[PDB]
Every structure is written in structure tokens, then in C-alpha cells.
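Cβ: placed from backbone, ideal geometry, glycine included. Neighbour counts: every protein chain shown. Just so it is clear, none of the values below were taken in a lab; they were calculated from the coordinates.
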Amino acid sequence: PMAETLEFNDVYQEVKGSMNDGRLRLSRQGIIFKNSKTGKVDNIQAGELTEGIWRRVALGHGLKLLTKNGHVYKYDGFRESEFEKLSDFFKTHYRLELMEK
């Protein structure tokens, strides 16, 4: 079932063991994460993405993304059941296929 946006208000950015809680939002154009505590926003354009990985992490499952400029983004705390919709979104809108690891 196709969706143009996906929202996750209960996930974290993982940075060196730190779990930064925030809001993740996927649109056709890309990805925005906003750190709840610090308010720090990170934008990722669909075009920038070269790699998407889905794997078990410390809490549930997580995405690990790579962009053309070498930046790494890790968003953790997904229930495993989210794979289908995430995989679907990436393949449909981002023209990239999540690697299951």
C-alpha cells in the first residue's frame, strides 16, 4: 500500500552509543530528523542517498543510511513490523532498496 509520507515520533538517532530521541519524517523528496531535546534538524535529499541498511540494533531495528558526501545516519527504535512500509517507501520514492542485514 503506497504512502507519500511516513512519520515516526518515537525513534532515535544513534551516535556513538548515544540515543537521541526525535521525530523522523519521510517525504518523497527526502528525510528530516529533528532532535527533540536540542532541536537540531538534519535534512537528507532523496538524491543524496546511496545506501540503506535495515538491521537489528540496541532497541528494536534500525536504518543505517549513507549519502554521497559520506555522511552516515542511523535511526533506531523501529518495531520490526515497520520493515514493509519502510522498504516500500525507499524502493518507490527513493529508488533504492533496503539491504537486510
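Quick look at the values:
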read-out	value
Counted residues, region 44-67 - those being aliphatic (A, V, I, L, M) and either more than 20 Å from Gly17 (Cα to Cα) or in contact with a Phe, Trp or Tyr (Cβ under 6 Å, 6 or more places away or on another chain) (or both)	5
Strands (runs of 3 or more DSSP E) contained entirely in region 1-67, each with at least 1 residues that are surrounded by fewer than 16 Cβ atoms within 10 Å (Cβ to Cβ), at positive phi and of a type in the set (A, V, I, L, M)	none
Residues within region 68-101 that are among the charged types (D, E, K, R), within 21 Å of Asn20 (Cα to Cα) and not in a strand (DSSP E or B), tallied	3
Every residue from region 1-29 that is closer than 20 Å to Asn69 by Cα and in contact with a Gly (Cβ under 8 Å, 6 or more places away or on another chain)	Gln13, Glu14
Contacts under 6 angstrom Cβ, first residue in region 8-26 being in contact (Cβ under 8 Å) with a residue 12 or more places away in the chain, partner assigned to a strand (DSSP E or B) and charged (D, E, K, R), 6 or more apart	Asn9/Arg23; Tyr12/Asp21; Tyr12/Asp76; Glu14/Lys74; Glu14/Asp76; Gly22/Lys34; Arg23/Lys34; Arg25/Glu7
